[PDB]
Every structure is written in C-alpha cells, then in structure tokens.
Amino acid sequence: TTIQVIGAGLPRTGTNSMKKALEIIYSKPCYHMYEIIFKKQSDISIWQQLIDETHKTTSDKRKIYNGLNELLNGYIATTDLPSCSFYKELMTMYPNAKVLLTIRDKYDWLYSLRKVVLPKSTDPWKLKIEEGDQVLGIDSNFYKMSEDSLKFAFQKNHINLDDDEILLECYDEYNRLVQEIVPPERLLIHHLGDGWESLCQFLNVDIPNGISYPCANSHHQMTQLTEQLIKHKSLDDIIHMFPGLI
C-alpha cells in the first residue's frame, strides 16, 4: 500500500467525512487526527519531531520524508492536521498521488475551529476541552503538536492565534496557496456538501451505489463528546452515544 490521495484541507473543513469517504472508495485506511487521538497517541511525539525539524536553519528533508513514510505505512490516504501541513513534502514523496482541498465558508470554519481545535486562551470552554481530553489521556504535548502543525501550515512563527481576523486571513491565504502550488489536473477542490460525484470522477471510480456521502464530526457532536467525557470519565462507557464516529 502507498499514498494515493493527499488531503491538504485544513481541520474543520470536512476532513473526517473525507477520511470515511476515501476508506469507502479504497477499502483501506486513511490517516486523520482521530487516528492519533483514539488509536495511536504515540504518533504525537513523532509528528512533533518532524515539525521541529522544519524550524531548523538547515532541515533534513530526508529525515522528514522517512518520518512521514513511516507514519503513513499502511494508509492509502491522509487528511487533516498535522499531515495537511506537509502536503508539499507528501507531493514530492508520492508524485502519482492526487491532492484534495476540502474547503468551506471561512466564517463557519473559524467558528468550528474555535469550538473544537483552537479556542481562545481566555475562553472558558478551553478548560472543558482539557478536562475531557484528560479522560482520553491527551495532555499538553498534544496541544503543542497541534498548535505547531497549524502554525506550520500558515508558515508563521510568531502569530497571535487569539485574533480571529488573523486566522481568517491565514485560512484564505493557505487555500489560495494550495491552488497556486498544485497543478490543476492534480487538484480537486471539494466544497462542503459536494458529495461523491466530483470526488469519484477525480479518482476514476464509480459512485458507491446505495452509500451516501459521510456527514460526521460536527461541533455539536464534539461538544456533546466533551461533556459526556467529563460526566462519565470513560470513553468506553459513552462510545455508544457516538455511533460510527470513531
């Protein structure tokens, strides 16, 4: 197995649904942050080391390529942070892999990002996220890797992540740069709600008969998950309330 599809879209742009859609198309696993959080938390330190490598005056690109290849062994595709920030490196490693850019209205994205991925440092909800994440064993090292991977996608070192205006413009700039870098024939821009048709044509497959395009990972569902993790202090005791998600 080798990487066939590189998902360059940012978190909260429908990447979990695209993960599920690609697993339906190929019948093989697709990487996502959920893989890190719920299956392979040991990958957190590996990703951190690759992000740190990019900060060096002279980064070891072959160390990065091998780290990515090792991380993605057994996967047919990748989506979401932190992998999306490495889409250029992945394009080089997998010259035959096609690129997806999942995209959505920027104001809806920012709202979703603030409720799940990157709340403001003064937002009381941040403490609820953290208490719920402790049930999952997620600690401060995860937040550092996640934040660092987002800054790396935005190609900025010193950035005020609490400024909505700055995030909105980083969002647009990131999406614009993907379209500039990736050749058109190699890129599909998939807007939220687009469904199977464009995706399956791009990938040279038929539309899955009788199987609807996935619709998963809403911020309402993540808020409910946080509150149930805090209330019951166990993922196993609550997993039945979130069918088909993890």
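For clarity, a rigid core is taken as the largest C-alpha set superposing within 1.5 Å between two forms. Residue numbers here begin at 1 and follow the sequence given.
Say the other structures are aligned on the rigid core; which stretch then has the higher CA RMS in 4 other deposited structures of this protein, 58 to 66 or 189 to 197?
Most displaced of the pair in 4 other deposited structures of this protein: 58 to 66.
Comparing 49 to 57 and 23 to 31 where Cα RMS over structures and residues is taken in 4 other deposited structures of this protein (core fit), larger one
Once the cores are fitted, 49 to 57 deviates more in 4 other deposited structures of this protein.
Give the stretch, out of 191 to 199 and 24 to 32, with the larger mean C-alpha temperature factor in the deposited entry.
It is 191 to 199.
Of 7 to 15 and 234 to 242, the stretch whose C-alpha atoms average the higher B-factor in the entry
Mean B over CA atoms: larger for 234 to 242.
Among 80, 139, 172, 105, single out the one with the highest C-alpha B factor in the record, please.
Answer for 80, 139, 172, 105: 139, with the highest C-alpha B-factor.
Third of the chain's Cα B-factor distribution that residue 41 belongs to, per the entry:
It belongs to the middle third of the chain when residues are ordered by C-alpha B-factor.
Would you mind checking where the Cα B-factor of residue 159 ranks among the modelled residues of its chain, as the lowest, middle or highest third?
It falls in the top third of the chain.
Lowest, middle or highest third: where is residue 69 by C-alpha B factor in its chain?
Middle third - that is where residue 69 ends up once the chain's C-alpha B-factors are sorted.
Split into thirds by Cα B-factor across the chain's modelled residues, where does residue 150 land: lowest, middle or highest?
According to the entry, residue 150 has a C-alpha B-factor in the chain's lowest third.
Chain-relative CA temperature factor third for residue 218
It belongs to the middle third of the chain when residues are ordered by C-alpha B-factor.
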